[PDB]
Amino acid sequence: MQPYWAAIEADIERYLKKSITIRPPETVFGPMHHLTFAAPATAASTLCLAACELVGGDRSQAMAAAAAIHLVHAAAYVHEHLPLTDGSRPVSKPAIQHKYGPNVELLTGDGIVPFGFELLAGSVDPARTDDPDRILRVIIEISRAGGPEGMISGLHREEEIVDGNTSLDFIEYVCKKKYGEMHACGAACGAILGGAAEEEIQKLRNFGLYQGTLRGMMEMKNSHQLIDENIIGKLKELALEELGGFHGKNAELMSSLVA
């Protein structure tokens, strides 16, 4: 990836390590710490800091939210790769590595999601006026994007993808749900915490939606290549359009993320 994005990503990693310190009970915090970083990095998170900067604010205003987004995603990744006895989830080729047993992964997943809201409720600075109304709004975006009508519908419908007999349209929908909504949430939260106006939030939201969707297709391309650049050009186009109206030292970086 590009220097700017990798640098933003590294600040989230630093912020996460400084926030999750292994302590007793280690049997609890070791898995919590390991599993947070074992989940893949997600742009819905760096996008939150980036969106913030673009509209005004300073990246520190969106850190807590960016960490929360990563954590909600981290929890979902852990659960979707969970060893399930009954063959309920189409035994996915993935076969990722597992340092801990199913029970500890299940539970750690369950402890990571609340940690996200904790940092958010506790990132409330006495010296910030509109702090609580925006944090609150962001908690709502996050819990919705990680809920039953968001990322969860995406994971659920993804179990119905039969390798090379499922259409591109369906796959794009699963990526929209599974990655698009979280990205849309990240750019919007950043936009919110930065201080933009409704019109910009929706623009950045719409941008996140398309970009996360395109990103999911990329990670799905390595799977079954039917992916024409017709699908990708489509989403790339849809993304940049939403960005029309932002110009400057980042509003070309935000553009680079898709270009």
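Numbers for residues come from their place in the sequence shown, where the first is 1. We call the rigid core the largest set of C-alpha positions that still match within 1.5 Å between the two forms.
- When the other structures are laid on the shown form by the rigid core, the stretch among 219-227 and 204-212 with the greater C-alpha deviation in 6 other deposited structures of this protein turns out to be 219-227.
- Averaged over structures and residues, the CA distance from the shown form in 6 other deposited structures of this protein after a core fit is larger for 228-236, of the two stretches 65-73 and 228-236.
- As recorded in the PDB entry, 238-246 is the stretch of 18-26 and 238-246 with the greater mean C-alpha temperature factor.
- For the pair 199-207 and 38-46, the mean Cα B-factor is higher in 199-207.
- Note on the listed residues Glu141, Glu80, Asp125, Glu149: the highest Cα temperature factor in the record is that of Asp125.
- Between the residues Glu172, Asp133, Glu118, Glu105, the entry's highest C-alpha temperature factor is the one at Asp133.
- For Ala65, the recorded CA temperature factor ranks within the middle third of the chain's modelled residues.
- Among all modelled residues in this chain, the alpha-carbon of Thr166 has a temperature factor (C-alpha) in the highest third.
- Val72: CA B factor in the lowest third of modelled residues in this chain (values from the PDB entry).
- Among the modelled residues of its chain, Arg89 has a C-alpha B-factor that falls in the highest third, as given in the PDB entry.
- Residue-level temperature factors show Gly56 in the highest third of its chain, judged at the C-alpha atom.
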